[PDB]
């Protein structure tokens, strides 16, 4: 029973209009197709893409895209909350990003300084390192598909639009000639390729950030593709002030032969990306102490509670609500790939001890390793060996703060699929995407939670489960 944020995406049995209220339109696309909506229960704002069935094989491709978004949890990848379908429409309910496309920043300035470009490309590369590690290739990276989270000058980047994305395998190469002319890798046009195609597109973006201009240009799509296919580019007047390090990274990402082209991971490790700032994220002792405290108290959580907390943490908390936790996550993620590993958690504990002025030799040699092994197992909801962003936020967040009245109510209705007012073992099975929950799993829920002995969990019991007979 692996819990992931993606298991909640298509799980509601409710109709869209019973969960969301439309406000204003959003974006610069066809009018009314993306709408800012409010969650009727929590008040959470979201961006809804409404697709008419008149406008979509196409149904299959939309579903594939939803399936891919359900498998990705990363601070630089768009978050999908929910997906609804009715007789007339599909509704893609997404986290709202209000800073506009990177494309619009580009066309409103001459070019980016190296430091501003490095911050952007570092985030893109974190996103794609993570994607590639999860066997997913984007295939349409470009500035139109990179949204800034807000208008704040320090807004993060989110990779959007997975409409061309697919899984890839080591054994079988990809063949579909798919992409956008300025950004598409030559081997994609030749028709045999792998995930290095995303690295090339990111190299094109970087070249544009630093110069203002595409490396392969021309009067029309046909002319652009002819330059792309040859692969010849030049650093031809702005380039005189650009550092040798920046050029070196571009040379490596626009390396023509794909077997010789740098990987996303190695590009994330490039000296230009690694050393563009020495500024440290500010995290005070009390916030880190509290986060660690919360994480280490999580062992022993039963399966209904676990799924309910992950739902609330991964779907019902905004960026504003999780500011402090997000900073701690990025500080602990030493290799900047947007996932926490065993070695990174170990270092996080040693960091905390140093910060608190604790003497580390007062513990057994492997005390920290033993701690992290227990903690990691417990907090790794999908058991893939990493702490993803949403797993981290869920567990590290102050529990009383997470368990608001509205979040509790939303979470209960999400589990109670038939609206009977009680959660059954079979509703537990369905949320985890399995046929049946075994007797031991359900019995361990009931022995703690089923206070009236009826074999199901009502709203009262569900609140008490999470809150000392708490009820909001």
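Positions refer to the first chain, counted from 1.
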(request) Using the PDB record, quantify the missing residues of the deposited sequence between residue 236 and residue 237 as none, 1 to 3, 4 to 9, or 10 or more. (result) 1 to 3
(request) Using none, 1 to 3, 4 to 9 or 10 or more, say how many deposited residues go missing between residue 56 and residue 57. (result) 1 to 3
(request) Please work out which of 58 to 66 and 45 to 53 has the higher mean CA B-factor as recorded in the PDB entry. (result) 58 to 66
(request) Decide which of the stretches 21 to 29 and 456 to 464 has the higher mean C-alpha B-factor, going by the entry. (result) 21 to 29
(request) From the list 165, 394, 317, 220, select the residue with the highest C-alpha B factor recorded in the entry. (result) 220
(request) Among the candidates 390, 301, 326, 211, give the one with the maximum CA B-factor reported in the record. (result) 301
(request) Within this chain's modelled residues, let me know which third the CA B factor of residue 7 belongs to: lowest, middle or highest. (result) lowest
(request) Looking at the entry's B-factor column for C-alpha atoms only, identify whether residue 381 ranks in the lowest, middle or highest third of its chain. (result) middle
(request) Just say lowest, middle or highest third for the CA B-factor of residue 182 relative to the other modelled residues in its chain. (result) lowest
(request) Select lowest, middle or highest to describe the third in which the CA B-factor of residue 40 falls within its chain in this entry. (result) middle
(request) Place residue 411 in the lowest, middle or highest third of its chain's C-alpha B-factors, as listed in the PDB entry. (result) lowest
